[PDB]
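Reading through the structure tokens given below for one structure.
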Number of protein chains: 2
Amino acid sequence: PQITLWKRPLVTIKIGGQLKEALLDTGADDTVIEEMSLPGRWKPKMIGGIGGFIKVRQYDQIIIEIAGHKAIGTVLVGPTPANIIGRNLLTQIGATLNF
Amino acid sequence: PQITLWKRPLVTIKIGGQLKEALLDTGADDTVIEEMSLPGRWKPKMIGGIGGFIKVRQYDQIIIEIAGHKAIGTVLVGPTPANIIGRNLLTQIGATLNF
Ligand SMILES: CC(C)(C)NC(=O)[C@@H]1CN(Cc2cccnc2)CCN1C[C@@H](O)C[C@@H](Cc1ccccc1)C(=O)N[C@H]1c2ccccc2C[C@H]1O
Ligand SMILES: [Cl-]
Ligand SMILES: [Cl-]
């Protein structure tokens, strides 16, 4: 689709067998989701936002469906104020910024 | 342009007669720039992201060019970790997300 920016660009995602709403975020290097369970090994990571850093769990090779489009990549899980789809997964669904 | 997301979507902006680098950020509601002088009066604002909130100065109706596209709108100034062009100005320059 073509998504305008009048409002936050929120879409439905399927991750870990769950449906969530998430923000398509070209400013985010990484994908960060609120607390949930994910399969496999993880390792801790610190990620920095406009108000400083938070600690998250990094899970690799996680399959996600983003507004109907499948991808695989790293997903960070922690106390984020918003579910965020970052560039690591936006590239995979073919998302571009156009003007 | 059509900007892919394999790297950060950084562009040159011009504000106050000076060129700066800034991030085109669909996850940002507002536009925030590192400390600089702007004309007129300012209003208080708090903006929240990962990590928490920061206090910024809100300046309205500021002339800014974004990748050569002219805009006039609200620019926040404060201790942001990065110059960010948010949706208030991305809409002015006609930007969309497409996949
Ligand atoms: C991976 C992670 C998510 C941690 N990245 C970021 O937070 C990066 C940080 N960098 C910088 C960085 C920081 C540290 C280290 N390297 C890089 C600058 C750009 N942000 C991306 C932003 O788009 C993130 C959003 C998240 C959010 C959306 C809605 C509600 C809460 C949080 C963000 O912070 N947006 C906020 C925002 C942003 C600007 C102006 C106003 C507002 C309000 C709000 O929309
Ligand atoms: Cl990845
Ligand atoms: Cl591509």
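We label chains A, B, ... in the order they appear in the structure tokens, count residues from 1 in each chain, and number ligands from 1 in the order shown.
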Selection as a VMD selection string: residues within 12 Å of ligand 3 by only C-alpha atoms and all ligand atoms: (chain A and resid 87 89 to 97) or (chain B and resid 2 to 7 98 to 99)
Using only C-alpha atoms, please write the residues we just selected to a file, as a CSV table (one decimal), in the first residue's frame.
chain,number,residue,atom,x,y,z
A,87,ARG,CA,14.6,-0.7,9.3
A,89,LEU,CA,12.4,-5.5,8.9
A,90,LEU,CA,11.1,-2.6,6.8
A,91,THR,CA,13.8,-3.4,4.1
A,92,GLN,CA,12.5,-6.9,3.9
A,93,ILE,CA,8.9,-5.9,3.1
A,94,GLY,CA,10.2,-3.5,0.5
A,95,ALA,CA,9.2,-0.4,2.3
A,96,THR,CA,10.4,3.0,0.9
A,97,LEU,CA,9.9,6.6,1.8
B,2,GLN,CA,12.4,7.0,-3.3
B,3,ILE,CA,14.5,6.3,-0.3
B,4,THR,CA,15.2,2.7,0.7
B,5,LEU,CA,16.0,1.8,4.3
B,6,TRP,CA,19.1,-0.3,4.1
B,7,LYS,CA,20.9,2.6,5.8
B,98,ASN,CA,5.1,2.5,0.2
B,99,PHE,CA,5.4,-1.2,0.0
Can you provide chain A as a compact mmCIF listing (two decimals) with N, CA and C atoms, in the first residue's frame, superposed onto chain B by least squares across all C-alpha atoms matched in order?
# COMPACT_ATOMS: atom_id res chain seq x y z
N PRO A 1 12.63 11.99 -4.45
CA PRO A 1 13.35 10.72 -4.65
C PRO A 1 12.66 9.53 -4.02
N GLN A 2 13.16 8.35 -4.28
CA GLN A 2 12.87 7.11 -3.55
C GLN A 2 14.05 6.77 -2.66
N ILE A 3 13.79 6.68 -1.36
CA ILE A 3 14.83 6.39 -0.39
C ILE A 3 14.57 5.02 0.22
N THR A 4 15.55 4.14 0.10
CA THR A 4 15.51 2.81 0.70
C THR A 4 15.87 2.91 2.17
N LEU A 5 15.71 1.77 2.84
CA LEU A 5 15.85 1.78 4.29
C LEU A 5 16.96 0.86 4.78
N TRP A 6 17.87 0.49 3.90
CA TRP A 6 19.03 -0.34 4.23
C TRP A 6 19.89 0.34 5.30
N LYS A 7 19.94 1.66 5.17
CA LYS A 7 20.67 2.54 6.08
C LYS A 7 19.73 3.61 6.61
N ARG A 8 20.11 4.33 7.65
CA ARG A 8 19.27 5.42 8.14
C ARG A 8 18.98 6.42 7.03
N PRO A 9 17.73 6.84 6.86
CA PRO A 9 17.37 7.80 5.81
C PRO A 9 17.68 9.24 6.21
N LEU A 10 18.97 9.55 6.03
CA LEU A 10 19.48 10.87 6.38
C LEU A 10 19.50 11.79 5.18
N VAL A 11 19.09 13.03 5.40
CA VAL A 11 19.12 14.04 4.35
C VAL A 11 19.70 15.33 4.90
N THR A 12 20.10 16.19 3.99
CA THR A 12 20.49 17.55 4.36
C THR A 12 19.29 18.48 4.45
N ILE A 13 19.27 19.26 5.49
CA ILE A 13 18.25 20.29 5.70
C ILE A 13 18.92 21.66 5.84
N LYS A 14 18.18 22.71 5.53
CA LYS A 14 18.57 24.08 5.79
C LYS A 14 17.52 24.67 6.74
N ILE A 15 17.99 25.13 7.87
CA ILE A 15 17.14 25.67 8.91
C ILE A 15 17.90 26.78 9.63
N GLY A 16 17.25 27.92 9.85
CA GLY A 16 17.87 29.03 10.55
C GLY A 16 19.16 29.45 9.92
N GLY A 17 19.32 29.36 8.62
CA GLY A 17 20.50 29.71 7.89
C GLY A 17 21.65 28.75 7.98
N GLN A 18 21.39 27.61 8.57
CA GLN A 18 22.41 26.59 8.80
C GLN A 18 22.09 25.33 8.02
N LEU A 19 23.10 24.57 7.66
CA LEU A 19 22.94 23.23 7.12
C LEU A 19 23.19 22.19 8.20
N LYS A 20 22.28 21.23 8.24
CA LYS A 20 22.35 20.12 9.18
C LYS A 20 21.97 18.82 8.44
N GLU A 21 22.42 17.70 9.00
CA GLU A 21 21.91 16.39 8.60
C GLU A 21 20.76 15.98 9.51
N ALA A 22 19.72 15.39 8.94
CA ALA A 22 18.58 14.97 9.75
C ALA A 22 17.95 13.70 9.22
N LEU A 23 17.27 12.97 10.08
CA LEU A 23 16.68 11.66 9.83
C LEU A 23 15.21 11.81 9.45
N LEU A 24 14.81 11.26 8.32
CA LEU A 24 13.38 11.25 7.95
C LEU A 24 12.68 10.16 8.75
N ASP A 25 11.82 10.56 9.69
CA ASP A 25 11.33 9.66 10.73
C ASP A 25 9.82 9.58 10.83
N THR A 26 9.28 8.51 10.21
CA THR A 26 7.83 8.37 10.16
C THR A 26 7.26 8.05 11.54
N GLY A 27 8.07 7.58 12.47
CA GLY A 27 7.57 7.30 13.81
C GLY A 27 7.51 8.52 14.70
N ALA A 28 8.07 9.64 14.29
CA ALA A 28 8.12 10.86 15.11
C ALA A 28 6.96 11.78 14.76
N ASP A 29 6.19 12.15 15.78
CA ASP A 29 5.09 13.06 15.55
C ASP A 29 5.59 14.47 15.17
N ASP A 30 6.72 14.84 15.78
CA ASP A 30 7.30 16.16 15.78
C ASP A 30 8.72 16.17 15.21
N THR A 31 9.18 17.35 14.86
CA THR A 31 10.52 17.64 14.36
C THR A 31 11.37 18.19 15.50
N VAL A 32 12.51 17.56 15.74
CA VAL A 32 13.35 17.93 16.88
C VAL A 32 14.78 18.03 16.39
N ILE A 33 15.41 19.17 16.66
CA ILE A 33 16.76 19.52 16.28
C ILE A 33 17.58 19.82 17.52
N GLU A 34 18.85 19.48 17.41
CA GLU A 34 19.86 19.80 18.39
C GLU A 34 19.94 21.32 18.62
N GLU A 35 20.59 21.70 19.73
CA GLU A 35 20.61 23.07 20.13
C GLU A 35 21.11 23.99 19.01
N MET A 36 20.30 25.00 18.75
CA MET A 36 20.55 26.06 17.81
C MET A 36 19.62 27.22 18.17
N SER A 37 19.92 28.39 17.64
CA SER A 37 19.06 29.55 17.72
C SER A 37 18.01 29.57 16.62
N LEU A 38 16.81 29.95 16.95
CA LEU A 38 15.72 30.19 16.03
C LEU A 38 14.97 31.47 16.41
N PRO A 39 14.45 32.16 15.42
CA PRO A 39 13.74 33.42 15.68
C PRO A 39 12.36 33.23 16.30
N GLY A 40 11.87 34.26 16.97
CA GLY A 40 10.54 34.33 17.53
C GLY A 40 10.40 33.78 18.93
N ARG A 41 9.14 33.72 19.31
CA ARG A 41 8.71 33.32 20.63
C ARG A 41 8.83 31.81 20.68
N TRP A 42 9.00 31.29 21.88
CA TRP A 42 8.98 29.85 22.09
C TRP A 42 8.28 29.54 23.40
N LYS A 43 7.92 28.28 23.56
CA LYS A 43 7.38 27.82 24.82
C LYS A 43 7.91 26.42 25.10
N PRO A 44 8.02 26.07 26.37
CA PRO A 44 8.58 24.76 26.67
C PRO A 44 7.60 23.63 26.39
N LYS A 45 8.14 22.47 26.14
CA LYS A 45 7.41 21.24 25.84
C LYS A 45 8.23 20.05 26.36
N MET A 46 7.51 19.00 26.78
CA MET A 46 8.13 17.72 27.11
C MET A 46 7.75 16.72 26.02
N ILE A 47 8.71 16.02 25.46
CA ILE A 47 8.43 15.04 24.40
C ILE A 47 9.03 13.71 24.81
N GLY A 48 8.32 12.64 24.46
CA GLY A 48 8.64 11.32 25.00
C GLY A 48 9.12 10.43 23.87
N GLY A 49 10.23 9.78 24.13
CA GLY A 49 10.89 8.83 23.23
C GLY A 49 10.90 7.44 23.85
N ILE A 50 11.64 6.52 23.24
CA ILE A 50 11.70 5.19 23.81
C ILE A 50 12.38 5.20 25.15
N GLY A 51 13.28 6.15 25.41
CA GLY A 51 13.89 6.07 26.76
C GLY A 51 13.34 7.03 27.78
N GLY A 52 12.20 7.65 27.53
CA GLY A 52 11.58 8.63 28.43
C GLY A 52 11.46 9.99 27.78
N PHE A 53 11.30 11.02 28.59
CA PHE A 53 11.02 12.37 28.12
C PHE A 53 12.19 13.33 28.23
N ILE A 54 12.25 14.27 27.28
CA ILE A 54 13.19 15.38 27.33
C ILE A 54 12.39 16.69 27.19
N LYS A 55 12.99 17.73 27.77
CA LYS A 55 12.49 19.08 27.66
C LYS A 55 13.10 19.80 26.46
N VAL A 56 12.24 20.42 25.65
CA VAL A 56 12.62 21.18 24.48
C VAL A 56 11.94 22.55 24.45
N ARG A 57 12.39 23.41 23.56
CA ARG A 57 11.81 24.70 23.22
C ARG A 57 11.01 24.50 21.92
N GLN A 58 9.76 24.95 21.97
CA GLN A 58 8.90 24.85 20.80
C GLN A 58 8.83 26.18 20.06
N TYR A 59 9.27 26.23 18.82
CA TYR A 59 9.18 27.38 17.92
C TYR A 59 8.20 27.07 16.79
N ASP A 60 7.29 27.97 16.52
CA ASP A 60 6.27 27.76 15.49
C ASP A 60 6.61 28.57 14.25
N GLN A 61 6.02 28.17 13.12
CA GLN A 61 6.15 28.89 11.86
C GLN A 61 7.62 29.06 11.44
N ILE A 62 8.38 27.99 11.52
CA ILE A 62 9.76 27.94 11.10
C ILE A 62 9.87 27.32 9.71
N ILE A 63 10.55 28.05 8.84
CA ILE A 63 10.73 27.60 7.45
C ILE A 63 11.93 26.67 7.42
N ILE A 64 11.79 25.58 6.71
CA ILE A 64 12.87 24.61 6.59
C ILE A 64 12.93 24.16 5.13
N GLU A 65 14.11 23.80 4.67
CA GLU A 65 14.26 23.14 3.37
C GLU A 65 14.78 21.72 3.64
N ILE A 66 14.07 20.71 3.16
CA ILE A 66 14.37 19.31 3.45
C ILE A 66 14.71 18.64 2.13
N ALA A 67 15.97 18.29 1.94
CA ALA A 67 16.41 17.73 0.67
C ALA A 67 15.82 18.50 -0.51
N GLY A 68 15.84 19.82 -0.38
CA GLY A 68 15.43 20.65 -1.54
C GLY A 68 13.98 21.03 -1.51
N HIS A 69 13.26 20.49 -0.54
CA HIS A 69 11.80 20.77 -0.54
C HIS A 69 11.40 21.71 0.59
N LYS A 70 10.68 22.80 0.29
CA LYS A 70 10.38 23.79 1.30
C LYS A 70 9.11 23.46 2.06
N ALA A 71 9.20 23.84 3.34
CA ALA A 71 8.06 23.67 4.22
C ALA A 71 8.16 24.64 5.38
N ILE A 72 7.05 24.73 6.07
CA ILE A 72 6.96 25.53 7.28
C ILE A 72 6.24 24.76 8.36
N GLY A 73 6.69 24.91 9.61
CA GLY A 73 5.98 24.24 10.69
C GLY A 73 6.69 24.47 12.00
N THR A 74 6.24 23.73 12.99
CA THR A 74 6.81 23.81 14.33
C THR A 74 8.08 23.01 14.41
N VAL A 75 9.12 23.52 15.02
CA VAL A 75 10.40 22.86 15.24
C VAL A 75 10.71 22.95 16.72
N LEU A 76 11.02 21.79 17.27
CA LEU A 76 11.42 21.68 18.66
C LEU A 76 12.92 21.64 18.75
N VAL A 77 13.53 22.28 19.72
CA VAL A 77 14.95 22.40 19.86
C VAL A 77 15.35 21.94 21.27
N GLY A 78 16.28 21.00 21.36
CA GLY A 78 16.73 20.52 22.66
C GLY A 78 17.75 19.41 22.53
N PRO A 79 17.98 18.73 23.65
CA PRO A 79 19.08 17.77 23.73
C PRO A 79 18.71 16.42 23.16
N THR A 80 18.42 16.43 21.87
CA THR A 80 18.06 15.21 21.15
C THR A 80 19.29 14.48 20.65
N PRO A 81 19.33 13.16 20.72
CA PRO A 81 20.49 12.44 20.20
C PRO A 81 20.63 12.38 18.68
N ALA A 82 19.61 12.80 17.96
CA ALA A 82 19.57 12.86 16.53
C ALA A 82 18.66 14.00 16.09
N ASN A 83 19.04 14.66 15.01
CA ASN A 83 18.16 15.60 14.35
C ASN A 83 17.09 14.79 13.61
N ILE A 84 15.82 15.09 13.87
CA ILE A 84 14.68 14.32 13.41
C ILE A 84 13.68 15.17 12.68
N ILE A 85 13.38 14.77 11.44
CA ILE A 85 12.25 15.34 10.69
C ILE A 85 11.06 14.42 10.89
N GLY A 86 10.07 14.92 11.62
CA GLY A 86 8.88 14.16 11.96
C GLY A 86 7.72 14.42 11.02
N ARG A 87 6.59 13.82 11.36
CA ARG A 87 5.47 13.82 10.41
C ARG A 87 4.94 15.21 10.13
N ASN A 88 5.05 16.13 11.09
CA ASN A 88 4.50 17.47 10.87
C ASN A 88 5.15 18.15 9.66
N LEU A 89 6.39 17.80 9.34
CA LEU A 89 7.04 18.36 8.17
C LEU A 89 7.13 17.36 7.01
N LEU A 90 7.17 16.05 7.31
CA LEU A 90 7.14 15.06 6.23
C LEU A 90 5.88 15.19 5.39
N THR A 91 4.73 15.47 5.99
CA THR A 91 3.51 15.63 5.21
C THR A 91 3.67 16.75 4.18
N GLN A 92 4.34 17.82 4.56
CA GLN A 92 4.44 19.01 3.74
C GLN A 92 5.29 18.84 2.50
N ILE A 93 6.27 17.93 2.59
CA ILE A 93 7.09 17.67 1.43
C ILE A 93 6.53 16.53 0.60
N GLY A 94 5.38 16.01 1.01
CA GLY A 94 4.75 14.97 0.24
C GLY A 94 5.30 13.59 0.46
N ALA A 95 5.96 13.37 1.59
CA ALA A 95 6.58 12.06 1.83
C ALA A 95 5.53 11.00 2.18
N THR A 96 5.68 9.83 1.60
CA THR A 96 4.85 8.67 1.83
C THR A 96 5.76 7.45 2.01
N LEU A 97 5.22 6.48 2.75
CA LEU A 97 5.80 5.15 2.92
C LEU A 97 5.10 4.18 1.98
N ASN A 98 5.91 3.47 1.20
CA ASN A 98 5.37 2.65 0.14
C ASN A 98 5.92 1.22 0.18
N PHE A 99 5.02 0.25 0.08
CA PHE A 99 5.40 -1.15 -0.07
C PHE A 99 4.29 -1.97 -0.72
Would you give me, as number ranges by chain, the residues in region 11-96 of chain B that DSSP reads as strand (DSSP E or B)? B: 11-15, 18-24, 32-33, 43-49, 52-66, 69-77, 84-85, 96
As number ranges by chain, please: every residue in chain B that a backbone DSSP assignment puts in alpha helix (DSSP H). B: 87-90
